[PDB]
């Protein structure tokens, strides 16, 4: 950065509390959304997940504001912390910072999200029981263990009720994790509209990596070369017992249908 540029930021740039936050969900495709959004000239985001509203609230809003990137007028300041979605005091705390805060939730088929979550935990703690084992409280009775975080996070409808007690539905956007993969430019169109940004991100910003199997950015923010998400993003899932899968799809179905109605959109996880 040259003298004049730094000078501009020093003189006309300021640190703002985030006007929009990606609050969830874990494994929904939150890193992908944030990286794609960063391509837009009017988006500036914190690199790390702050975990302010859940883990470090006692440090204060001043500390939080301090983590934010210095922006120019017109640019939107954002942060993502997937765990907020299921944090009890989060809705109240964010509303306390500002009642007009916009919230983005990247959702995904509860079944594949649960398996994705498990896969990640398995890579960290390789000696844990199987997915089938953790899924049930009682296998033959078919009684699922809803206290297990992996299952719990996927009951979107219930968590959403918690948020709607502090925010109007109009201030929330529900992004399709599946479409973010099959047609990112398409999904980003909706996100840009929601954030009040001009639709700049388009098909030409993406390049499909056959080797990885997911789309990548033809040119990443702050770089001239492409950018595919790392090995940690797009982990291979273990094969799960067909019956266990049918049972979990059965468990989520009613909650999914409620979620479709609450959001006014059928995400297609139940056909």
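Residue numbers count along the first chain shown, from 1.
Mean temperature factor over C-alpha atoms, higher-scoring stretch between 10-18 and 255-263: Higher mean C-alpha B-factor: 10-18.
Mean Cα B-factor comparison, 240-248 or 41-49, giving the higher one as deposited: Between 41-49 and 240-248, it is 240-248.
Selection from 139, 102, 80, 158 [criterion: highest C-alpha temperature factor in the record]: Out of 139, 102, 80, 158, the record gives the largest C-alpha B-factor to 139.
Relative C-alpha B-factor of residue 113, binned into the chain's lowest, middle or highest third: Lowest third of the chain for residue 113's C-alpha B-factor.
Residue 129 - which third its CA temperature factor falls in, relative to the rest of the chain: Top third by C-alpha B-factor.
Third assignment of residue 69 from its chain's C-alpha B-factors: As the PDB entry reports it, the C-alpha B-factor of residue 69 lands in the middle third of its chain.
Residue 228 by Cα B-factor - lowest, middle or highest third of the modelled chain: Tercile = highest for this residue's CA B-factor.
Lowest, middle or highest third - CA B-factor, residue 63: For residue 63, the deposited C-alpha B-factor lands in the middle third.
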